[PDB]
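The chain that follows stands alone, in the form deposited in one PDB entry, written as structure tokens.
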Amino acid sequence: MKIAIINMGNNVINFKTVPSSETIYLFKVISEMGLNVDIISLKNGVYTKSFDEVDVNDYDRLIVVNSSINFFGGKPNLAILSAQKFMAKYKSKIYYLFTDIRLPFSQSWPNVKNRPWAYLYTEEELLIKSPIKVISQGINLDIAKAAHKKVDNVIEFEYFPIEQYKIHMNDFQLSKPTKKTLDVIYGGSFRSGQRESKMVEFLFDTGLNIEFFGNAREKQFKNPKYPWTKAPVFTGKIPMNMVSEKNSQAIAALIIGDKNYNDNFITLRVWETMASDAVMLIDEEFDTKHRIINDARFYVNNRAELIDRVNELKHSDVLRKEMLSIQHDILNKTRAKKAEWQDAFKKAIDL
């Protein structure tokens, strides 16, 4: 059994970028199941073999991490063109890891074709004809299908909590008690404003010491519909392998998602947050049935509620400690099922 994993639109090198981190992690946890896997990317590296030096068809399984098809500057993007060309040569089933509802697989030829540099490529190089199997992070396959409604070789869908991988790594450990410097914290990107309203609500104009790490920038929040005066402290991005330690700097860490993450997705940050020394607080709308934890104290409806809950968490260590003890318990139960998870994942890639 020879397994190849690749990121469709992002180069893979180390933990600098997130897409690069997800691919290496996915690479690791799969190797940890006792499988021989390679990461194919743009060049040879510590963790990667080059697309130009490997016969894609020497792999019994081709796993592909989801990405958009973004020709920045209206210019050719080597990351996307090289992986698709690679996928295009494969003749066996392709397993697409759909972890971001906004990153459904789609052919790039239709796009390249109508570009002024179409003459640089051809349909025979870019068109991916192999049958594709979508492995949705969301249990609601109906939505998964709809996101891939326009692609015909996508003929198989299956739910599987891909993003539980962090808590199932071999070296995984919950964070230790940490000296606090913040009341609330949140890590991530602007995600094209799909959460601008939620970010402003829970992180802007609160009076608390809030920090928003990640690639998001203060100047990106300019929608008059969601005005602000006092913004949280914007610090840049940090390696993915450190996120949970970063959250641990605050009393609490916010959980918010897009419109279609609500009661459908249980994202990675949920585990990264739940794993930290930061009391996890979820936006009510994100999980309206409280499926994550059967304890209303972990849920906030608005700014005022978040502000009340954070203040009551500082006002009392018995409460903060209790809530950190509970969430850690919920996580540790899910970790008890590692084998079960590993099993459904193999069966997910037909093993």
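Just so we're on the same page, rigid core means the largest C-alpha set that superposes within 1.5 Å between forms. Just count from 1 along the sequence shown to find any residue number.
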Unmodelled residue 72 in at least one third of other entries with both flanks present: yes
Missing coords for residue 114 in a third or more of other PDB entries: yes
Given 271-279 and 215-223, the range whose Cα B-factors average higher in the PDB entry: 215-223
Greater mean Cα temperature factor according to the PDB record, 187-195 or 142-150: 142-150
Criterion, highest CA B-factor; candidates, 292, 56, 37, 63: 292
Most elevated Cα B-factor in the entry, residues 126, 210, 80, 266: 266
Lowest, middle or highest third - CA B-factor, residue 260: highest
Chain-relative CA temperature factor third for residue 313: highest
Position of residue 49 among the chain's modelled residues by C-alpha B-factor, lowest, middle or highest third: lowest
Position of residue 351 among the chain's modelled residues by C-alpha B-factor, lowest, middle or highest third: highest
Residue 296, C-alpha B-factor rank within chain (lowest, middle or highest third): lowest
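The following text describes the form deposited in another entry, which does not appear among the structures shown.
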Core-superposed comparison between the shown form and the other one, residue 229 Cα displacement 2 Å or beyond: yes
Core superposition between the shown form and the other one, C-alpha change of residue 189 at least 2 Å: yes
Large Cα move at residue 218 between the shown form and the other one, threshold 2 Å, rigid core: yes
